[PDB]
Each structure stands twice: as C-alpha cells, then as structure tokens.
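Undergrad: For reference, the file model_21.pdb (PDB, C-alpha atoms and all ligand atoms) is included below:
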```
MODEL        1
ATOM      1  CA  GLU Q   1       8.961   4.272 -16.583  1.00  0.00           C
ATOM      2  CA  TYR Q   2       9.929   1.887 -13.706  1.00  0.00           C
ATOM      3  CA  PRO Q   3      13.434   0.728 -14.628  1.00  0.00           C
ATOM      4  CA  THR Q   4      13.941  -2.889 -15.512  1.00  0.00           C
ATOM      5  CA  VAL Q   5      16.799  -5.319 -15.094  1.00  0.00           C
ATOM      6  CA  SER Q   6      18.309  -4.882 -18.596  1.00  0.00           C
ATOM      7  CA  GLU Q   7      18.306  -1.067 -18.237  1.00  0.00           C
ATOM      8  CA  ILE Q   8      20.595  -0.855 -15.112  1.00  0.00           C
ATOM      9  CA  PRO Q   9      24.268  -1.825 -15.398  1.00  0.00           C
ATOM     10  CA  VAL Q  10      25.547  -3.705 -12.373  1.00  0.00           C
ATOM     11  CA  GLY Q  11      27.046  -0.995 -10.171  1.00  0.00           C
ATOM     12  CA  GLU Q  12      24.484   1.697 -11.036  1.00  0.00           C
ATOM     13  CA  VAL Q  13      21.419   2.602  -8.975  1.00  0.00           C
ATOM     14  CA  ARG Q  14      18.166   4.226 -10.035  1.00  0.00           C
ATOM     15  CA  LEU Q  15      15.707   6.108  -7.862  1.00  0.00           C
ATOM     16  CA  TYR Q  16      11.971   6.085  -8.589  1.00  0.00           C
ATOM     17  CA  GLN Q  17       9.549   8.527  -7.052  1.00  0.00           C
ATOM     18  CA  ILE Q  18       6.555   6.697  -5.555  1.00  0.00           C
ATOM     19  CA  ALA Q  19       4.911   9.552  -3.617  1.00  0.00           C
ATOM     20  CA  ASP Q  20       5.989  12.786  -1.878  1.00  0.00           C
ATOM     21  CA  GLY Q  21       8.955  11.860   0.270  1.00  0.00           C
ATOM     22  CA  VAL Q  22       8.961   8.202  -0.793  1.00  0.00           C
ATOM     23  CA  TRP Q  23      11.203   6.551  -3.387  1.00  0.00           C
ATOM     24  CA  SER Q  24      12.282   3.093  -4.359  1.00  0.00           C
ATOM     25  CA  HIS Q  25      15.886   2.362  -5.174  1.00  0.00           C
ATOM     26  CA  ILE Q  26      16.626  -0.151  -7.912  1.00  0.00           C
ATOM     27  CA  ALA Q  27      19.930  -1.954  -8.418  1.00  0.00           C
ATOM     28  CA  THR Q  28      21.159  -5.069 -10.230  1.00  0.00           C
ATOM     29  CA  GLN Q  29      23.519  -7.830  -9.244  1.00  0.00           C
ATOM     30  CA  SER Q  30      25.013 -11.012 -10.654  1.00  0.00           C
ATOM     31  CA  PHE Q  31      24.176 -14.196  -8.803  1.00  0.00           C
ATOM     32  CA  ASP Q  32      24.628 -17.830  -9.868  1.00  0.00           C
ATOM     33  CA  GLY Q  33      25.117 -16.928 -13.557  1.00  0.00           C
ATOM     34  CA  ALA Q  34      22.307 -14.375 -14.029  1.00  0.00           C
ATOM     35  CA  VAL Q  35      21.699 -10.720 -13.254  1.00  0.00           C
ATOM     36  CA  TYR Q  36      18.641  -9.777 -11.179  1.00  0.00           C
ATOM     37  CA  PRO Q  37      17.050  -6.441 -10.229  1.00  0.00           C
ATOM     38  CA  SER Q  38      16.366  -5.599  -6.594  1.00  0.00           C
ATOM     39  CA  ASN Q  39      14.390  -2.871  -4.848  1.00  0.00           C
ATOM     40  CA  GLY Q  40      14.572  -1.032  -1.564  1.00  0.00           C
ATOM     41  CA  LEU Q  41      12.861   2.067  -0.163  1.00  0.00           C
ATOM     42  CA  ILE Q  42      13.836   5.593   0.837  1.00  0.00           C
ATOM     43  CA  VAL Q  43      11.535   7.627   3.096  1.00  0.00           C
ATOM     44  CA  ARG Q  44      11.933  11.261   4.106  1.00  0.00           C
ATOM     45  CA  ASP Q  45      12.358  11.480   7.882  1.00  0.00           C
ATOM     46  CA  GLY Q  46      12.075  15.175   8.571  1.00  0.00           C
ATOM     47  CA  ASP Q  47      15.381  16.700   7.439  1.00  0.00           C
ATOM     48  CA  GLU Q  48      16.956  13.277   7.125  1.00  0.00           C
ATOM     49  CA  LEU Q  49      16.325  10.063   5.188  1.00  0.00           C
ATOM     50  CA  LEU Q  50      15.428   6.565   6.327  1.00  0.00           C
ATOM     51  CA  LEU Q  51      16.732   3.770   4.082  1.00  0.00           C
ATOM     52  CA  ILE Q  52      15.040   0.390   3.777  1.00  0.00           C
ATOM     53  CA  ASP Q  53      17.486  -2.288   2.544  1.00  0.00           C
ATOM     54  CA  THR Q  54      20.856  -1.991   0.920  1.00  0.00           C
ATOM     55  CA  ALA Q  55      21.365  -2.015  -2.859  1.00  0.00           C
ATOM     56  CA  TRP Q  56      22.767  -5.594  -2.815  1.00  0.00           C
ATOM     57  CA  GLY Q  57      26.489  -5.156  -2.328  1.00  0.00           C
ATOM     58  CA  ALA Q  58      29.130  -2.666  -1.256  1.00  0.00           C
ATOM     59  CA  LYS Q  59      29.719  -1.079  -4.675  1.00  0.00           C
ATOM     60  CA  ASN Q  60      26.000  -0.784  -5.376  1.00  0.00           C
ATOM     61  CA  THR Q  61      25.320   0.644  -1.946  1.00  0.00           C
ATOM     62  CA  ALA Q  62      28.024   3.270  -2.501  1.00  0.00           C
ATOM     63  CA  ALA Q  63      26.309   4.145  -5.788  1.00  0.00           C
ATOM     64  CA  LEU Q  64      22.986   4.352  -3.946  1.00  0.00           C
ATOM     65  CA  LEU Q  65      24.389   6.885  -1.510  1.00  0.00           C
ATOM     66  CA  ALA Q  66      25.844   8.924  -4.381  1.00  0.00           C
ATOM     67  CA  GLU Q  67      22.530   8.932  -6.254  1.00  0.00           C
ATOM     68  CA  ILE Q  68      20.688   9.947  -3.106  1.00  0.00           C
ATOM     69  CA  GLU Q  69      23.044  12.884  -2.652  1.00  0.00           C
ATOM     70  CA  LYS Q  70      22.772  13.954  -6.257  1.00  0.00           C
ATOM     71  CA  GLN Q  71      18.972  13.602  -6.572  1.00  0.00           C
ATOM     72  CA  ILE Q  72      17.571  14.107  -3.095  1.00  0.00           C
ATOM     73  CA  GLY Q  73      20.307  15.899  -1.222  1.00  0.00           C
ATOM     74  CA  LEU Q  74      19.453  14.990   2.399  1.00  0.00           C
ATOM     75  CA  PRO Q  75      21.575  12.672   4.537  1.00  0.00           C
ATOM     76  CA  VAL Q  76      20.687   9.084   5.181  1.00  0.00           C
ATOM     77  CA  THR Q  77      20.812   8.671   8.950  1.00  0.00           C
ATOM     78  CA  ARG Q  78      19.212   5.275   9.598  1.00  0.00           C
ATOM     79  CA  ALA Q  79      18.732   2.063   7.648  1.00  0.00           C
ATOM     80  CA  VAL Q  80      16.653  -1.028   8.288  1.00  0.00           C
ATOM     81  CA  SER Q  81      17.326  -4.386   6.663  1.00  0.00           C
ATOM     82  CA  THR Q  82      14.173  -6.440   6.149  1.00  0.00           C
ATOM     83  CA  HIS Q  83      15.841  -9.832   6.252  1.00  0.00           C
ATOM     84  CA  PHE Q  84      19.272 -11.427   6.371  1.00  0.00           C
ATOM     85  CA  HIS Q  85      20.051 -12.127   2.690  1.00  0.00           C
ATOM     86  CA  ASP Q  86      22.721 -10.201   0.824  1.00  0.00           C
ATOM     87  CA  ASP Q  87      20.193  -8.207  -1.214  1.00  0.00           C
ATOM     88  CA  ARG Q  88      19.139  -6.684   2.090  1.00  0.00           C
ATOM     89  CA  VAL Q  89      22.312  -6.474   4.203  1.00  0.00           C
ATOM     90  CA  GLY Q  90      25.122  -6.509   1.627  1.00  0.00           C
ATOM     91  CA  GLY Q  91      26.477  -2.934   1.851  1.00  0.00           C
ATOM     92  CA  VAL Q  92      25.709  -2.308   5.561  1.00  0.00           C
ATOM     93  CA  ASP Q  93      29.451  -1.796   6.131  1.00  0.00           C
ATOM     94  CA  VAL Q  94      29.439   1.043   3.515  1.00  0.00           C
ATOM     95  CA  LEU Q  95      26.347   2.534   5.156  1.00  0.00           C
ATOM     96  CA  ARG Q  96      27.993   2.487   8.592  1.00  0.00           C
ATOM     97  CA  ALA Q  97      31.193   4.044   7.209  1.00  0.00           C
ATOM     98  CA  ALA Q  98      29.032   6.799   5.660  1.00  0.00           C
ATOM     99  CA  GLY Q  99      27.525   7.657   9.032  1.00  0.00           C
ATOM    100  CA  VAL Q 100      24.311   5.618   8.824  1.00  0.00           C
ATOM    101  CA  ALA Q 101      23.021   3.820  11.914  1.00  0.00           C
ATOM    102  CA  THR Q 102      22.028   0.357  10.669  1.00  0.00           C
ATOM    103  CA  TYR Q 103      19.250  -1.716  12.202  1.00  0.00           C
ATOM    104  CA  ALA Q 104      17.661  -5.146  11.909  1.00  0.00           C
ATOM    105  CA  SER Q 105      15.770  -7.514  14.174  1.00  0.00           C
ATOM    106  CA  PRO Q 106      17.818  -9.678  16.545  1.00  0.00           C
ATOM    107  CA  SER Q 107      16.946 -12.723  14.422  1.00  0.00           C
ATOM    108  CA  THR Q 108      18.043 -11.038  11.197  1.00  0.00           C
ATOM    109  CA  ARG Q 109      21.351 -10.067  12.783  1.00  0.00           C
ATOM    110  CA  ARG Q 110      21.998 -13.645  13.985  1.00  0.00           C
ATOM    111  CA  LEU Q 111      20.964 -15.162  10.662  1.00  0.00           C
ATOM    112  CA  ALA Q 112      23.201 -12.742   8.750  1.00  0.00           C
ATOM    113  CA  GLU Q 113      26.145 -13.591  10.967  1.00  0.00           C
ATOM    114  CA  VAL Q 114      25.778 -17.361  10.407  1.00  0.00           C
ATOM    115  CA  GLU Q 115      25.371 -16.811   6.658  1.00  0.00           C
ATOM    116  CA  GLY Q 116      28.669 -14.895   6.569  1.00  0.00           C
ATOM    117  CA  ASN Q 117      26.909 -11.648   5.614  1.00  0.00           C
ATOM    118  CA  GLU Q 118      27.335  -8.150   6.906  1.00  0.00           C
ATOM    119  CA  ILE Q 119      25.622  -7.474  10.190  1.00  0.00           C
ATOM    120  CA  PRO Q 120      23.475  -4.359  10.943  1.00  0.00           C
ATOM    121  CA  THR Q 121      24.748  -2.692  14.112  1.00  0.00           C
ATOM    122  CA  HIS Q 122      21.598  -2.187  16.153  1.00  0.00           C
ATOM    123  CA  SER Q 123      18.839  -4.533  17.149  1.00  0.00           C
ATOM    124  CA  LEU Q 124      15.178  -3.576  16.649  1.00  0.00           C
ATOM    125  CA  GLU Q 125      13.127  -4.500  19.690  1.00  0.00           C
ATOM    126  CA  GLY Q 126       9.438  -5.445  19.626  1.00  0.00           C
ATOM    127  CA  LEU Q 127       9.439  -7.563  16.461  1.00  0.00           C
ATOM    128  CA  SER Q 128       9.951 -11.131  17.666  1.00  0.00           C
ATOM    129  CA  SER Q 129       6.463 -12.543  17.248  1.00  0.00           C
ATOM    130  CA  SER Q 130       4.172 -12.645  14.211  1.00  0.00           C
ATOM    131  CA  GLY Q 131       1.911  -9.670  14.131  1.00  0.00           C
ATOM    132  CA  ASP Q 132       4.281  -7.409  16.032  1.00  0.00           C
ATOM    133  CA  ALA Q 133       4.550  -3.823  14.796  1.00  0.00           C
ATOM    134  CA  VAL Q 134       6.703  -0.901  15.842  1.00  0.00           C
ATOM    135  CA  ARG Q 135       6.986   2.682  14.789  1.00  0.00           C
ATOM    136  CA  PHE Q 136      10.339   3.758  13.323  1.00  0.00           C
ATOM    137  CA  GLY Q 137      10.212   7.428  12.424  1.00  0.00           C
ATOM    138  CA  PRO Q 138       8.013   7.902   9.330  1.00  0.00           C
ATOM    139  CA  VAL Q 139       7.283   4.177   8.914  1.00  0.00           C
ATOM    140  CA  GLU Q 140       5.761   1.232  10.701  1.00  0.00           C
ATOM    141  CA  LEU Q 141       7.836  -1.966  10.762  1.00  0.00           C
ATOM    142  CA  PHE Q 142       5.750  -5.151  10.790  1.00  0.00           C
ATOM    143  CA  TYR Q 143       6.737  -8.777  11.282  1.00  0.00           C
ATOM    144  CA  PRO Q 144       4.032 -10.747   9.460  1.00  0.00           C
ATOM    145  CA  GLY Q 145       5.443 -14.202  10.175  1.00  0.00           C
ATOM    146  CA  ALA Q 146       7.659 -16.489   8.196  1.00  0.00           C
ATOM    147  CA  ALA Q 147       7.360 -16.310   4.411  1.00  0.00           C
ATOM    148  CA  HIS Q 148      10.270 -15.762   2.043  1.00  0.00           C
ATOM    149  CA  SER Q 149      12.426 -16.109   5.123  1.00  0.00           C
ATOM    150  CA  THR Q 150      11.708 -16.678   8.829  1.00  0.00           C
ATOM    151  CA  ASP Q 151      12.820 -13.126   9.731  1.00  0.00           C
ATOM    152  CA  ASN Q 152      11.230 -11.072   6.933  1.00  0.00           C
ATOM    153  CA  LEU Q 153       9.801  -7.667   7.780  1.00  0.00           C
ATOM    154  CA  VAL Q 154       7.474  -5.430   5.792  1.00  0.00           C
ATOM    155  CA  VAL Q 155       7.376  -1.649   6.008  1.00  0.00           C
ATOM    156  CA  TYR Q 156       4.406   0.705   5.760  1.00  0.00           C
ATOM    157  CA  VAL Q 157       4.572   4.432   5.163  1.00  0.00           C
ATOM    158  CA  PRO Q 158       1.295   5.691   6.582  1.00  0.00           C
ATOM    159  CA  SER Q 159       1.509   9.222   5.237  1.00  0.00           C
ATOM    160  CA  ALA Q 160       1.797   7.887   1.695  1.00  0.00           C
ATOM    161  CA  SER Q 161      -0.110   4.540   1.854  1.00  0.00           C
ATOM    162  CA  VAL Q 162       2.982   2.731   0.588  1.00  0.00           C
ATOM    163  CA  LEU Q 163       3.598  -0.891   1.583  1.00  0.00           C
ATOM    164  CA  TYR Q 164       7.084  -2.209   1.006  1.00  0.00           C
ATOM    165  CA  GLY Q 165       6.711  -5.953   1.003  1.00  0.00           C
ATOM    166  CA  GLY Q 166      10.275  -6.898   0.325  1.00  0.00           C
ATOM    167  CA  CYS Q 167      10.962 -10.424  -0.810  1.00  0.00           C
ATOM    168  CA  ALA Q 168       7.786 -11.762   0.833  1.00  0.00           C
ATOM    169  CA  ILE Q 169       5.805 -10.101  -2.009  1.00  0.00           C
ATOM    170  CA  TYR Q 170       6.246 -11.019  -5.687  1.00  0.00           C
ATOM    171  CA  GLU Q 171       5.822  -8.773  -8.677  1.00  0.00           C
ATOM    172  CA  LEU Q 172       2.759  -9.514 -10.773  1.00  0.00           C
ATOM    173  CA  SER Q 173       4.561 -10.954 -13.780  1.00  0.00           C
ATOM    174  CA  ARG Q 174       6.461 -13.435 -11.636  1.00  0.00           C
ATOM    175  CA  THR Q 175       4.914 -16.825 -11.952  1.00  0.00           C
ATOM    176  CA  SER Q 176       7.398 -18.998 -10.098  1.00  0.00           C
ATOM    177  CA  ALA Q 177       9.204 -18.853  -6.782  1.00  0.00           C
ATOM    178  CA  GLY Q 178      12.622 -19.741  -8.077  1.00  0.00           C
ATOM    179  CA  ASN Q 179      14.722 -20.759  -5.101  1.00  0.00           C
ATOM    180  CA  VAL Q 180      12.771 -21.630  -1.958  1.00  0.00           C
ATOM    181  CA  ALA Q 181      15.720 -22.649   0.271  1.00  0.00           C
ATOM    182  CA  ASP Q 182      15.082 -20.472   3.366  1.00  0.00           C
ATOM    183  CA  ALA Q 183      11.359 -20.015   2.850  1.00  0.00           C
ATOM    184  CA  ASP Q 184       8.446 -21.335   4.898  1.00  0.00           C
ATOM    185  CA  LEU Q 185       5.998 -22.220   2.143  1.00  0.00           C
ATOM    186  CA  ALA Q 186       3.312 -23.487   4.563  1.00  0.00           C
ATOM    187  CA  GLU Q 187       3.393 -20.331   6.644  1.00  0.00           C
ATOM    188  CA  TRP Q 188       3.682 -17.829   3.767  1.00  0.00           C
ATOM    189  CA  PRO Q 189      -0.029 -17.569   2.886  1.00  0.00           C
ATOM    190  CA  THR Q 190      -0.956 -16.948   6.536  1.00  0.00           C
ATOM    191  CA  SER Q 191       1.736 -14.276   6.803  1.00  0.00           C
ATOM    192  CA  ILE Q 192       0.289 -12.582   3.744  1.00  0.00           C
ATOM    193  CA  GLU Q 193      -3.181 -12.751   5.275  1.00  0.00           C
ATOM    194  CA  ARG Q 194      -1.809 -10.833   8.261  1.00  0.00           C
ATOM    195  CA  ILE Q 195      -0.410  -8.179   5.976  1.00  0.00           C
ATOM    196  CA  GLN Q 196      -3.710  -7.788   4.171  1.00  0.00           C
ATOM    197  CA  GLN Q 197      -5.608  -7.483   7.470  1.00  0.00           C
ATOM    198  CA  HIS Q 198      -3.137  -4.901   8.836  1.00  0.00           C
ATOM    199  CA  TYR Q 199      -2.778  -2.702   5.731  1.00  0.00           C
ATOM    200  CA  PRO Q 200      -6.045  -2.749   3.749  1.00  0.00           C
ATOM    201  CA  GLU Q 201      -5.619   0.942   2.762  1.00  0.00           C
ATOM    202  CA  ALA Q 202      -2.284   0.411   0.989  1.00  0.00           C
ATOM    203  CA  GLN Q 203      -2.222   2.078  -2.438  1.00  0.00           C
ATOM    204  CA  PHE Q 204       1.237   1.164  -3.634  1.00  0.00           C
ATOM    205  CA  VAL Q 205       2.848  -2.218  -2.960  1.00  0.00           C
ATOM    206  CA  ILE Q 206       6.580  -2.556  -3.637  1.00  0.00           C
ATOM    207  CA  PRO Q 207       8.053  -6.070  -4.086  1.00  0.00           C
ATOM    208  CA  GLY Q 208      11.648  -6.964  -3.228  1.00  0.00           C
ATOM    209  CA  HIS Q 209      12.344  -7.584  -6.923  1.00  0.00           C
ATOM    210  CA  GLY Q 210      10.465  -6.135  -9.912  1.00  0.00           C
ATOM    211  CA  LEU Q 211       7.655  -3.764 -10.634  1.00  0.00           C
ATOM    212  CA  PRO Q 212       5.424  -2.014  -8.088  1.00  0.00           C
ATOM    213  CA  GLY Q 213       1.740  -2.887  -7.997  1.00  0.00           C
ATOM    214  CA  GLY Q 214      -1.125  -2.691  -5.563  1.00  0.00           C
ATOM    215  CA  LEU Q 215      -2.712  -4.995  -2.988  1.00  0.00           C
ATOM    216  CA  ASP Q 216      -3.322  -7.421  -5.903  1.00  0.00           C
ATOM    217  CA  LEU Q 217       0.310  -8.505  -5.404  1.00  0.00           C
ATOM    218  CA  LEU Q 218      -0.652 -10.158  -2.081  1.00  0.00           C
ATOM    219  CA  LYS Q 219      -3.164 -12.607  -3.591  1.00  0.00           C
ATOM    220  CA  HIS Q 220      -0.848 -13.067  -6.564  1.00  0.00           C
ATOM    221  CA  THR Q 221       2.015 -14.087  -4.319  1.00  0.00           C
ATOM    222  CA  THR Q 222      -0.154 -16.459  -2.360  1.00  0.00           C
ATOM    223  CA  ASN Q 223      -1.187 -18.082  -5.638  1.00  0.00           C
ATOM    224  CA  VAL Q 224       2.389 -18.586  -6.788  1.00  0.00           C
ATOM    225  CA  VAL Q 225       3.539 -19.936  -3.470  1.00  0.00           C
ATOM    226  CA  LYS Q 226       0.609 -22.381  -3.161  1.00  0.00           C
ATOM    227  CA  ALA Q 227       1.205 -23.568  -6.751  1.00  0.00           C
ATOM    228  CA  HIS Q 228       4.803 -24.404  -5.911  1.00  0.00           C
ATOM    229  CA  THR Q 229       3.718 -26.169  -2.722  1.00  0.00           C
ATOM    230  CA  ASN Q 230       1.834 -28.603  -4.972  1.00  0.00           C
TER     231      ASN Q 230
HETATM  232  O1  LIG R 301      15.901 -17.488  -7.451  1.00  0.00           O
HETATM  233  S1  LIG R 301      15.072 -16.412  -7.423  1.00  0.00           S
HETATM  234  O2  LIG R 301      14.313 -16.512  -8.688  1.00  0.00           O
HETATM  235  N1  LIG R 301      14.084 -16.513  -6.129  1.00  0.00           N
HETATM  236  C1  LIG R 301      14.626 -16.430  -4.762  1.00  0.00           C
HETATM  237  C2  LIG R 301      14.412 -15.033  -4.252  1.00  0.00           C
HETATM  238  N2  LIG R 301      13.217 -14.488  -4.045  1.00  0.00           N
HETATM  239  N3  LIG R 301      13.415 -13.252  -3.547  1.00  0.00           N
HETATM  240  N4  LIG R 301      14.718 -13.020  -3.394  1.00  0.00           N
HETATM  241  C3  LIG R 301      15.392 -14.085  -3.840  1.00  0.00           C
HETATM  242  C4  LIG R 301      16.895 -14.179  -3.911  1.00  0.00           C
HETATM  243  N5  LIG R 301      17.551 -14.342  -2.604  1.00  0.00           N
HETATM  244  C5  LIG R 301      18.967 -14.281  -2.601  1.00  0.00           C
HETATM  245  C6  LIG R 301      19.650 -15.074  -1.645  1.00  0.00           C
HETATM  246  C7  LIG R 301      21.038 -15.018  -1.576  1.00  0.00           C
HETATM  247  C8  LIG R 301      21.678 -13.850  -2.015  1.00  0.00           C
HETATM  248  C9  LIG R 301      20.984 -12.983  -2.895  1.00  0.00           C
HETATM  249  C10 LIG R 301      19.574 -13.040  -2.984  1.00  0.00           C
HETATM  250  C11 LIG R 301      15.885 -14.858  -7.346  1.00  0.00           C
HETATM  251  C12 LIG R 301      17.224 -14.907  -7.171  1.00  0.00           C
HETATM  252  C13 LIG R 301      18.003 -13.708  -7.036  1.00  0.00           C
HETATM  253 CL1  LIG R 301      19.647 -14.058  -6.764  1.00  0.00          CL
HETATM  254  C14 LIG R 301      17.507 -12.345  -6.950  1.00  0.00           C
HETATM  255  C15 LIG R 301      16.116 -12.413  -7.249  1.00  0.00           C
HETATM  256  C16 LIG R 301      15.315 -13.587  -7.379  1.00  0.00           C
HETATM  257 CL2  LIG R 301      13.607 -13.336  -7.570  1.00  0.00          CL
HETATM  258  O     O R 302      16.496 -12.302  -1.144  1.00  0.00           O
HETATM  259 ZN    ZN R 303      15.850 -13.008   0.499  1.00  0.00          ZN
HETATM  260 ZN    ZN R 304      15.333 -11.174  -2.524  1.00  0.00          ZN
ENDMDL
END
```
Please, can you express the file's structure as structure tokens?
Ligand SMILES: O=S(=O)(NCc1n[nH]nc1CNC1CCCCC1)c1cc(Cl)ccc1Cl
Ligand SMILES: [O-]
Ligand SMILES: [Zn+2]
Ligand SMILES: [Zn+2]
TA:
Amino acid sequence: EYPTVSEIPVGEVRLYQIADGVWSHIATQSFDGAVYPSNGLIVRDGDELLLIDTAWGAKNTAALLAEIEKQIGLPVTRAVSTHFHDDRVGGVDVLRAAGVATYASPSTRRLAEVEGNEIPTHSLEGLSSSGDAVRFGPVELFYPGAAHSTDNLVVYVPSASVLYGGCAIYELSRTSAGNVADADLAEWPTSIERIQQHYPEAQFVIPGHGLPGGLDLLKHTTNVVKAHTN
C-alpha cells in the first residue's frame, strides 16, 4: 500500500493518508545515475495546509501541488524545509509562485544558498540550539542536533502522534548510510536520543526516504550509523 520507488514515474507524486489530516507525499528523482524515492508531509492547518519539504525539484513540486488540489482540495499556505538539500528545498520557487510562504531555519537558508539551492523566504526563529522546539500551527518543529546534516529538523504532529524524522531517520530495510558527506556521524546517535526523549508517544515515524514505521526506526538508524562509523 505505501508506494515504492519503482511504482512512481519521475515527475509524478503520490499522497498517502497517515491519519486524519495528515499525509505523506512521495516523489522520485534521478541523482548520480539512480532514481530514489523521497517523502515529505502535509498537515491540515484549519482551512489551509502546512507542507513539510518539497517533492525534490520544480517539476515534482508542481505535481505535488496539483495532486494536493485534486485529492485534498485546500490551499497550501506555508511550507517548512527540514534541511538544505535539494530533496527538501528544490521546488521552493514553485511553492512561492503558487502563493506559499516558505520557511526554514537561518542555518538552512544559509547552507542552501552556498550549495546553490533554492532558498526558503522566511527564517524560523527559536531553533538554533539542539533541543530547541517551536510551535508552527498544527505541528511542533524540533532541532535535535546534527545528524544527517547539521541543520536537520524533525516535525511532530501532536494531534495525530506522527513524527516526521526526515533524512535523520532511516527506513527499516535500509542497512547502509550511503553518502555521509554532510553528516555528523558522531553526533547522530545523541541527536536521536533527544528525539526519543522528546517524543516517546509517537505512533507513526516517517523517514525522509522509504517506508513509514514506528519508534523502532530510531534505534534502527542509530545501529546503521554506528556500524558505518566503525
Ligand atoms: O546516497 S544515499 O543512499 N544516502 C544519502 C542520503 N540520505 N538521506 N538523503 C540522502 C540524499 N541526499 C541528497 C543530497 C543532494 C541532493 C539530493 C539528495 C541517497 C541518495 C539520494 Cl540522492 C536520495 C536518497 C538516498 Cl537514501
Ligand atoms: O537529503
Ligand atoms: Zn539530505
Ligand atoms: Zn535525503
């Protein structure tokens, strides 16, 4: 039932219902000779929608907006990017042109600029130090510390017990880190420990790439990261 990489042509976007008023979006993109799936989140925000992460590119993000209109039918008014990589910010220009106010931490915005990526318009305050949390409409934004990247955020939807871990959390079948370029492998386990302490009632845990799971994904990710470290 959760769509997989070989089921989604590049340029198409699927939506998956996680709970009332909470969906993931799933897209695919070609990178370095392979095609990968990627997830984000959509959360009902009253009569509007909050988007977490782009669909990894301008064309995909346009398809995301079209699918949202067709399937959900409320406007996206705000978006948050959970770190600076193109799977998170690529498509912010389409979002802005569609009327969406785009947000990221000050660090994410600076990192995206230096990388040559699109830059969310607005800075999120109150997220500069590990352990910082802020409310943003129907979600809590949390900076757990460096992990997959120095700037990575996670997102919790309290009304639904959904934790969106983004690229800091691996799907269960994933047994290797792949590219660790921008990661802080020494810090990552401690960042995950912060997440576990802050969100012990999470029921659904959504990774940045691959299948949803539960809080088991936290220990799993720690195991993979430590194994690479050695
Ligand atoms: O090489 S990977 O196996 N591991 C690194 C990784 N972990 N989490 N996200 C990423 C990819 N990050 C990038 C950075 C630059 C632009 C696009 C995405 C991978 C590679 C791809 Cl391109 C998408 C999925 C995976 Cl899972
Ligand atoms: O990423
Ligand atoms: Zn990344
Ligand atoms: Zn990623």
Undergrad: Given the point (19.0, 2.8, 10.9) in the coordinates of this file, which residues lie within 6 Å, counting only C-alpha atoms, and how would they look as an MDAnalysis selection string?
TA: chainID Q and resid 78:80 101:103
Undergrad: Can you tell me, as lines of an AutoDock Vina configuration file, the centre and edge lengths (Å, one decimal) of the axis-aligned box enclosing all of range 207-224 of chain Q's listed atoms after padding each side by 5 Å?
TA:
```
center_x = 4.5
center_y = -10.3
center_z = -6.4
size_x = 25.7
size_y = 26.6
size_z = 18.6
```
Undergrad: Do you have, as CSV, the list of residues of chain Q lying at most 9 Å from ligand O 302 (chain R), each with its nearest atom pair and that distance in Å to one decimal, counting all atoms listed in the file and ordered by chain then number?
TA:
```
residue,atom,partner,partner_atom,distance
Q:38,CA,R:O302,O,8.6
Q:83,CA,R:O302,O,7.8
Q:84,CA,R:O302,O,8.1
Q:85,CA,R:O302,O,5.2
Q:86,CA,R:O302,O,6.9
Q:87,CA,R:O302,O,5.5
Q:88,CA,R:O302,O,7.0
Q:148,CA,R:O302,O,7.8
Q:149,CA,R:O302,O,8.4
Q:166,CA,R:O302,O,8.4
Q:167,CA,R:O302,O,5.9
Q:168,CA,R:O302,O,8.9
Q:208,CA,R:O302,O,7.5
Q:209,CA,R:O302,O,8.5
```
Undergrad: Applying 7 Å and all atoms listed in the file, which residues near residue 89 in chain Q remain after dropping the ones on its own chain fewer than 5 positions away? List them as a list in words.
TA: residues 53, 54, 81, 84, 118 and 119 of chain Q
Undergrad: List the spatial neighbours of residue 36 in chain Q as a list in words - criterion: any atom at most 10 Å away, all atoms listed in the file, same-chain residues fewer than 4 positions off excluded.
TA: residues 4, 5, 6, 8, 10, 27, 28, 29, 30, 31, 209 and 210 of chain Q
Undergrad: What do you get, as a ChimeraX atom specification, if you spell out every residue that the PyMOL selection byres (((chain Q and resi 155-165) around 6) and not hetatm) selects here?
TA: /Q:139-141,154,166,168-169,202-207
